[PDB]
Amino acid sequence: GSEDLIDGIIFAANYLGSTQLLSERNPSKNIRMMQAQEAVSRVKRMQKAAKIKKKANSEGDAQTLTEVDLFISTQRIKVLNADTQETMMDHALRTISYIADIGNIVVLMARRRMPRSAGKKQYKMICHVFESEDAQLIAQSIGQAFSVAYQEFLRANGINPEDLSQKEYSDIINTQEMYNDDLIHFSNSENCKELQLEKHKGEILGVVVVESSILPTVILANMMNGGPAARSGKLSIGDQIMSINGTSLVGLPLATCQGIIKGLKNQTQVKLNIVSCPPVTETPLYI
């Protein structure tokens, strides 16, 4: 249990679902425990409805949960579709804020970076729920992964345990997460305009350029009307896009960013965070 965690190990499990949640900035581990159990209740109660909707068989008969490969390494935690091997989630080992087994269930929690919105939980946690006969071992193995990552940090940098313990190691990692949360959370620089677009099915908005120049590497608006895009105004060619239905865009290529605008097809309710204030200090492609 060390040499192996570097290459990784795969545990089988059933992905029941994920849920976002509101949270205080930096709560206790006991509070994180509450959050996880509320997350698991919501997902289980949703799966229960899903099973019903499934029994009534519209057309196909796709299951409500999905068998997955739970990859674990000192570097990350990847959930892959057991059969298609398509990646469903890839979390840098350092982004996991809370992991735990609750019976035969494993919950993975992570901070959801996102510009705030105008008592109240102002921060957002994303919570992934899995089921496995080996929930206990998965949790233990992930824990073991943190330690080997630590030991490998000292080694790789020629540092000795007596100087940097694993606790300070954790603290360093949390601080960095916390910082990045705060960063994007208050990125409400000069115009965190929250939008709400309407759409139906298959249809799409349009296409725009990106690459903001060290700044909130987001995306700049660039044409495409008629469809939902400009159909509601409140948008401008040159308005930086921060988030899209939950996931931030600060620090992302185009395969993911422009890939999301491709996944909004069957939405009918798209959330967006734009800073706008443009536009100065072939042709075309929808999707």
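In case it trips you up, residue 1 is the first one in the sequence shown, and so on.
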| query | finding |
| --- | --- |
| Deposited-sequence gap flanked by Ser170 and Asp171 | none |
| Between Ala118 and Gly119 - deposited residues without coordinates, as a size class | 10 or more |
| Given 160-168 and 185-193, the range whose Cα B-factors average higher in the PDB entry | 185-193 |
| Selected stretch [higher average CA B-factor]: 21-29 or 264-272 | 264-272 |
| Of the residues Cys277, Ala12, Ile9, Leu16, the one carrying the largest Cα B-factor as recorded | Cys277 |
| Largest Cα B-factor, entry values, listed residues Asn174, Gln85, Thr217, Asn180 | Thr217 |
| Record-listed C-alpha B factor of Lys55: chain third | middle |
| Third assignment of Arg155 from its chain's C-alpha B-factors | middle |
| Assigned third (lowest, middle, highest) for the C-alpha B factor of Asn104 | middle |
| Within-chain third of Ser213 by Cα B-factor, per the entry | highest |
| Record-listed C-alpha B factor of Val40: chain third | lowest |
